[PDB]
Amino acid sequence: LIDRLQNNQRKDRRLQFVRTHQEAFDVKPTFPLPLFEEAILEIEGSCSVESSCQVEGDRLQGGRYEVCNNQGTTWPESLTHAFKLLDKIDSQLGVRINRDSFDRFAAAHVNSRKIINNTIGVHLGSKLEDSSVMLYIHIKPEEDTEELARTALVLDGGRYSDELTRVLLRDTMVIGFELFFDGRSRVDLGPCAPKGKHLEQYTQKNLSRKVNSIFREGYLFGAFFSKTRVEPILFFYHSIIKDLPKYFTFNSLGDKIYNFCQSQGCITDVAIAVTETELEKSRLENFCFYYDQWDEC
């Protein structure tokens, strides 16, 4: 009985995270946000909700969430949530989804024992056609996962140097599939470091001093590469929110997100996603700010 009651309370907290974020950042409940809220209520067990704001100068896009079960391995049953969501979204008039890459990856690795889960997520854009479904595959850190990374690399179809190919083949811990509602899709390969030594080395040899001076200060460092990206997007994960001002200076919108985060409970970690190029600037104008809340808080 107590497990059942706790289970209903997690579901309520999940929704409250998502709603509190909409309130704080003036997000309109535009398609597909209502549908997404219904979808995450169907996830069993305890979930983490990772909300974010994409900032672009004085523009802020706040209707961005990734949700997943945070209690061990739910692959491949976690796929059912993704497919249900995609089915609901595709049936919307004026929405077109190219799910080929995700379907092929899912088909290929359904029986893999090296995958923790997939997430489900949505990113609202300024208009319907710029909005997307976002799906991340989280790979087990302590497995040799070259075969997963190869499949993703093939679906991405980018051409990388020998050095970067090895980083991607060996240290990829997350794979992103972004499905835009105008029919564009993207595959992100996500090498991470606390796996990691190839990314660390690549970073030390190739990336700016500013990147090198901060990337080991959080508990995790990641970079997303894609054929679609001229340069990777770098992610800096921190478990102590108050440490962010030590390493980043924000434009006004970033300060607002930062302040909001420091007043909110239940936050287990934050991340700043930014390009090397944008990190060179005196102030961050173009970046994404992520924060993660656990529904048992």
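One-based numbering along the sequence shown.
Coordinates are absent for 4 to 9 residues of the deposited sequence placed between residue 194 and residue 195.
Checked against the record, the higher mean CA B factor of 138-146 and 175-183 lies with 138-146. Stretches 89-97 and 115-123 differ in mean CA B factor, with 89-97 having the higher one. Across 54, 239, 48, 51, the greatest Cα temperature factor reported in the deposited entry is at 239. In this structure the maximum Cα B-factor among 65, 36, 247, 235 is found at 247.
Among the modelled residues of its chain, residue 81 has a C-alpha B-factor that falls in the lowest third according to the deposited record. For residue 41, the recorded CA B-factor ranks within the middle third of the chain. Only modelled residues enter the ranking.
Sorting the modelled residues of the chain by their CA temperature factor places residue 60 in the middle third. In the deposited entry, the Cα temperature factor of residue 165 sits in the middle third of values across the chain's modelled residues. When the modelled residues of the chain are ordered by their C-alpha B factor, residue 188 lands in the lowest third.
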